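> sequence isn't available, so here's the structure alone:
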Ligand SMILES: O=C(NO)c1cccc2ccccc12
Ligand SMILES: [Zn+2]
């Protein structure tokens, strides 16, 4: 059993409905890490993500490196974001995705605060590099993003970093799905009851 975990950061946004339709058309489930301001602007998309079998988790309020890590606001922001999501879907998610990744921002003390707050942390195993092709022609960029993902996929479990707020990322998803299905991956959402650690610190507590 090989499982691919597509994860989408920084939304919701104006390409998210299209992404959801694409995922549904391929019966794929994915994971979304949402920014609080966008949760407030797009509550219907938050509802739809959760209703259609995807995992909805937190990606902070400010996405501000200095505030989250140096000033130590990571857990406070994730808790605030958690509440905004819970207001819509009636569930308080536990999984967080650190802006800029956990390394080196989430130091010793912050990782303890995460655990003590009942949160988990997922980084990723495959970076799609989708930001490299920002503002480039969409279909060509998508093909390049798909090959970035497809070649890096080797392990039984892969967690793939993408951003649904960018057109070229959403456009890459059909080719990614096809390419990974051929290699025997199934596409699942994150599952709180089935947590396994995926973080740059190899901290098995989060
Ligand atoms: O937060 C991120 N993913 O959404 C993220 C991870 C790693 C590096 C970054 C650099 C600039 C902006 C964001 C990131
Ligand atoms: Zn981000």
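Arrived safely, thanks for sending. Numbers count the residues shown, from 1 in each chain. Ligands and ions are numbered 1, 2, ... in the order given.

> near ligand 2, which residues of the protein show up?
Along the chain, the residues adjacent to ligand 2 under the rule Cβ under 5 Å from the ion are 9-10, 99. No exception for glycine: its C-beta is placed from N, CA and C like everyone else's.

> weed out the non-buried ones from these.
Buried subset of these (neighbour count, 16 or more other Cβ atoms under 10 Å): 9-10, 99.

> what subset of the residues you listed is also close to ligand 1?
With Cβ under 6 Å from any ligand atom as the criterion, these include 9-10, 99 near ligand 1.

> tabulate the residues you listed (a markdown table), appending secondary structure and distance to residue 128.
Formatted as a markdown table, these follow (DSSP: H, G, I helix; E, B strand; the rest coil; distance: Cβ to Cβ, whole Å):
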| residue | secondary structure | distance to residue 128 |
| --- | --- | --- |
| 9 | strand | 11 |
| 10 | strand | 13 |
| 99 | coil | 16 |
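
> going by distance to ligand 1, which of those wins?
Relative to ligand 1, the closest of these is residue 9; by Cβ to the nearest ligand atom it sits at 3.2 Å.

> thinking that closest one is in contact with residue 31, fair?
No. Between residue 9 and residue 31 there is no contact under Cβ atoms under 8 Å: 9.6 Å.

> what's the burial count for residue 59?
24 (other Cβ atoms under 10 Å).

> which residue, other than its chain neighbours, is closest to it?
In space, and not counting its chain neighbours, residue 59 is closest to residue 33: 3.8 Å by Cβ to Cβ, 6 or more residues apart in numbering.
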